[PDB]
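S.K.: Could you have a look at this structure, given as structure tokens, before my questions?
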Amino acid sequence: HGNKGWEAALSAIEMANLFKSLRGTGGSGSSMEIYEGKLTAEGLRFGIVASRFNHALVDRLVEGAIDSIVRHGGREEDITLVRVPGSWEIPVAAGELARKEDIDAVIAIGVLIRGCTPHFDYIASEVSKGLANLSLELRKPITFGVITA
Amino acid sequence: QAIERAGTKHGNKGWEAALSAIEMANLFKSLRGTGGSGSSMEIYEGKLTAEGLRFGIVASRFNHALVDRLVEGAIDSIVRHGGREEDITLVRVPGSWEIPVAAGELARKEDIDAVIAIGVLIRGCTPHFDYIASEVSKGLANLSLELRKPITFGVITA
Amino acid sequence: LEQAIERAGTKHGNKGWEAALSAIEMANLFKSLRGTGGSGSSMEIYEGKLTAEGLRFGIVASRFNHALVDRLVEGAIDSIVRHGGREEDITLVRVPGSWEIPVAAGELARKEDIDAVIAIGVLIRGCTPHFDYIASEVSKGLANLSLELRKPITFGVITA
Amino acid sequence: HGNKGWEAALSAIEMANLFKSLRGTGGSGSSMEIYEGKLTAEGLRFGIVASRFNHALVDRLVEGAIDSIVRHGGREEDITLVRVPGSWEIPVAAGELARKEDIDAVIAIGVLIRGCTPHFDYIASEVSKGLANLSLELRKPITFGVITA
Amino acid sequence: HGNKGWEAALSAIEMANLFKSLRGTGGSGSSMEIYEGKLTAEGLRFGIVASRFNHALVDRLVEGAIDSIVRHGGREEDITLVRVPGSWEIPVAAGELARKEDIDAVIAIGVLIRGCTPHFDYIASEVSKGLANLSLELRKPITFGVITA
Amino acid sequence: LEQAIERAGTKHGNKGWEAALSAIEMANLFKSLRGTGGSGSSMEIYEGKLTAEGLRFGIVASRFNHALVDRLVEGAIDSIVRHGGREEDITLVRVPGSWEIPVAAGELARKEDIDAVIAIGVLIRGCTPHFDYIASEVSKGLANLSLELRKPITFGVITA
Amino acid sequence: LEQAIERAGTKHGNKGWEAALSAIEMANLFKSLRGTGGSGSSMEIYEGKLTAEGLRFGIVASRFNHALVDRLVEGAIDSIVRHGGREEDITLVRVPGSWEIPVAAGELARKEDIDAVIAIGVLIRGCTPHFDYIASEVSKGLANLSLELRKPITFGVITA
Amino acid sequence: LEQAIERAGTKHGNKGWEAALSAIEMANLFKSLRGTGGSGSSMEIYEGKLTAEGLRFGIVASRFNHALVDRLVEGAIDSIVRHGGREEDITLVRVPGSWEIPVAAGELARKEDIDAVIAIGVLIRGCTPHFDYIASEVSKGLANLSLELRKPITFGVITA
């Protein structure tokens, strides 16, 4: 309820529903159209990509993600979980899941080293950059559940 | 020469980088395969058996002492996990700036399953933003996503 | 849902994982040592590969505090399988407590099939500046058995 | 139920059954073999070696040992009880019982003096050492029911 | 705890362990050998054959069978459930499961029509006969969880 | 005192006693049948002695209503011992219920060591003018096994 | 474990099962009626097959007492799948209560894709010798829609 | 099972044990004193052996609080037997209470067969700073009898 894994799952559910409504034909008129997503996960397929580094924390994050999906009406049969050695290769694995036509949304979970950098970090900047570019190119929601130690 | 061989190289960044490449290569080979029947949550993870896989390594020549221990660390990781020394292609480049372009050429071959990039970076004795280091990370990340083939990052700071 | 909660955990670093790797490395090392020698002309180096195909293993685990011990055993099995081993070639033996580990391990090590043994357990107290008799005997027994039978035995206990 | 004599008896029963199963031929295959011992004492012969020193406590320990064996289906006819002056000579007496072909397990019961030693005790270290070596050499379970005052 | 499905599962577990011990080599001697099976299901594979006729009752019976196996240390992953139209064809389906080398025991569950027969019933007599003959020929335990309405 | 109360009872007539004698007689009878023939010149008569020295037996007993079954088993053991048998040469197998007797008996009868098998158990109800399926199958199974393996099997069940 | 407890149940006889079969039969019957006629020379008989391959279905279900309704819906889906249908060709619509079934069903029946509609729900009370207005309207609405659009609509409600 | 529970106890230190040893030592001491003297030339030392073969003993025990007294008597018998005595040569006398011990002991000590007497009993109260008349008389009586008859009498009472 209070971990970033829970929050990341909710965002994925809402975005998946929102996309489903947008492709529908527009209304007749006579008012301002408003589009929004509901929080029911029934009938949706999800994928999760998680890193093993600093495993003490991620298991709690992956825990929340699976719990949230089921609690909101999702069927545990529809979750695909992929594990990778470190955070450097989350984007490449996420891309393989996102290209499957049977996946509606993807959730990325990981942990990054301390953020007391002098000015910049060269590994953290690539994970966020890659996921963002991937979402726009494939036109499919990808959620960022990464946290900083 | 025997003094050089006696040193241990388990655990250096060459070792970890190669180990990640082996896992990712097996993981992708599983994903492309047929999906499971169902009836449960379906988990994927890469095995650590390296037999039958082809690897490529790109290493710079700057600081010839540090690099060699890293390259030898990568090779022994592949061999000790079942790989054959006949299935490794090694490419050497003048400096860290031209690692991405060489890594691109290797990655486009159909006979390569993963690529490992090794090098060292010069650390100025005051913390400014390095315009060379950022370009290596940016270039390697783009290549992997575009070519859909895992590339591992094995550089260190002096 | 609890089945996925427990199955979603990872077991990559616990002492069961490292104990398994040492057994894999030592088992392969012995095959090379008692094989044919080298051609000479240079210093000869021996080291064990991490390929676990065709090797037979045995695991002895105590039952005290089974919540933690169960996770160590799962870690050991995962290490063997992920390195190419077959779950068909693992024998598991459970014993009441730590005092019984050396005698059970002695039975398994005398079989011709097995190539290495892994001992897993949790010791009592331990965090006191005093000599503990149960802890000393278990360490002594495993060490003596390995030297007598000339077969590697790995020591994967912890304190709590 | 709560004394070390009760616990020592249970361990002896379980180890005796476990050894009986191990000597059996291995299975066909197709799964991971798992070996364990059951808690039925029927048809098993036991021996007990107890010391007389500080007799106020040991009688309760020997009490538990005999009670546990009978409660779990053991026949009182199959218990052999041997008494010795002190703890120093438990190992030598235990060795004589363990070499009999009609004994399946041996239980050793005794009490040791206060454990507030400076660094080491020279009598306690020999009882545990001797019993452990004896078990491995003879390949027969020997249980340690000794306690510290 | 009180339904025939629960009882049938326990019998299958005990018989599977008993067979495992018998194939082991005999003891040295010096006493009467006694063989028995323990009630731990860990590492055992089971198969269940159930009929659909009068489904109101069998679901409770199949319920007990699966519950008993799990409660006694069995892994739900190792249960194979097969459903058949009626009781007449339980034996033929049970035979297909029993011939698999990955199955340790088979449980048959079904319901038979009222037992106020004049002298004999021609369908009930064949189910019991077939299962009994099948067990002896294949040398594998098959349990009878059938009940009479 | 209860140990002597139970030990002071006698077990000379219960169905366990007669079942054991039949096994002893049949086991000795078969040795003579498949031995050398007689000299002829007169009608040849075969009959089994009641000496139980050097014979191996196996007993299969169900666990339902163990109060009565335990006394039948003790009767069978007493008969063998009192006729010269050794308790070392008896194998005892326990099964959950009556339905499992024939399959267990089949396992024991296939061993080369054993010379006869004794089946003991208590059936359910029985005192009704109706055909019982469990009772019929147990009788059928034991009869078929004996004829197939050519080894005597004795039938010592009762009704209650 | 509850997932297998619910998954181990069977759904072969509930009203959802029969409602699905009627839709399958009627949908196939209409294809033959509006096809080419027979050769004559004998009485012509029309009847619908039970092959559900290539047919599109729609299901409207109320939400009152979802414990029972959920089981009726699962029964309907099982019937279609077990007769050769594809779960890809099923549309499911949920409505707050029984009063809203006819209007929702009207929307689905006007699509050119669908071949039959199945209505599922649970009515209130019902077990009283009185005329109920909600029950009468729901039955009336479905009957009128079927005749107007010339498309079969099946009626799978129950009382409780 | 209670027979082994009581039989498994030990009786090595209770006052019955020490009382028996004193009687054994004194009985042997008297035989040496009234025997032939030494050769002189050095200081002569007399002391009694602990060999109890060929000696006859008598035991007088009160019946109050028989739970404790019974254990003291068993301790005395064990001491005599374990030092080489025969249970055939022990006479046991039971009396109602402590007041009757001296008179009964006087009867046994006058027999020519017996060599020493052991008195066992439990006194009442005792844990009060007051002079008790029963306690004083019992001690006085035993002391006087020993000096008059010149035969050792041991005093093995306790307070509770």
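The first residue you see is number 1, and the count goes up from there.
According to its header, this structure was worked out by electron microscopy, 2.4 Å.
Quick reminder: no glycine exception, Cβ is built from N, Cα and C everywhere.
The active site, proton donor feature in Swiss-Prot is assigned to D:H119. Per Swiss-Prot, 5-amino-6-(D-ribitylamino)uracil binding site is recorded for D:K4, D:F53, D:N54, D:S87, D:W88, D:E89, D:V111, D:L112, D:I113, D:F144.
What the PDB entry records for D:24-33 is linker.
Help me see these features in their spatial surroundings.
M.R.: The Cβ of D:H119 (active site, proton donor) has 7 neighbouring Cβ atoms from other residues within 10 Å, across all protein chains displayed.
The Cβ of D:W88 (5-amino-6-(D-ribitylamino)uracil binding site) has 15 neighbouring Cβ atoms from other residues within 10 Å, across all protein chains displayed.
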S.K.: Using DSSP, how many residues of the linker (D:24-33) fall into helix, strand and coil, respectively?
M.R.: 0 helix, 1 strand, 9 coil
S.K.: Residue list, the linker (D:24-33) vs rest of chain: Cβ under 8 Å, 6 or more residues beyond ends.
M.R.: none
S.K.: CA-CA, which of the binding-site residues D:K4, D:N54, D:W88 lies nearest D:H119 (active site, proton donor)?
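M.R.: Result for D:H119 (active site, proton donor): the nearest of the binding-site residues is D:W88.
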S.K.: Hey, does DSSP put D:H119 (active site, proton donor) in a helix, a strand, or just coil?
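M.R.: SS state of D:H119 (active site, proton donor) = coil.
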S.K.: Return the count of C-beta atoms lying within 10 angstroms of the C-beta of D:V111 (5-amino-6-(D-ribitylamino)uracil binding site), excluding that atom itself.
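M.R.: So the number of other Cβ atoms within 10 Å of D:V111 (5-amino-6-(D-ribitylamino)uracil binding site) is 19.
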S.K.: Report, in sequence order, every one of the recorded positions (D:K4, D:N54, D:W88, D:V111, D:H119) having a CB within less than 8 angstroms of a CB belonging to chain C; if no such residue exists, report 'none'.
M.R.: D:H119
S.K.: Which whole number of Å gives the largest C-alpha distance between any two of D:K4, D:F53, D:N54, D:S87, D:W88, D:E89, D:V111, D:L112, D:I113, D:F144, the residues noted as binding 5-amino-6-(D-ribitylamino)uracil?
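M.R.: Pairwise Cα check on D:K4, D:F53, D:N54, D:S87, D:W88, D:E89, D:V111, D:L112, D:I113, D:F144 gives a maximum of 20 Å.
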S.K.: Tally every other Cβ atom lying within 10 Å of the Cβ atom of D:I113 (5-amino-6-(D-ribitylamino)uracil binding site).
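M.R.: Here the count is 14.
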S.K.: Starting from the Cβ of D:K4 (5-amino-6-(D-ribitylamino)uracil binding site), draw a 10 Å sphere and report how many other Cβ atoms land inside it.
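M.R.: Here the count is 16.
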S.K.: So, in DSSP terms, is D:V111 (5-amino-6-(D-ribitylamino)uracil binding site) helix, strand, or coil?
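M.R.: Looking at the DSSP assignment, D:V111 (5-amino-6-(D-ribitylamino)uracil binding site) belongs to a strand.
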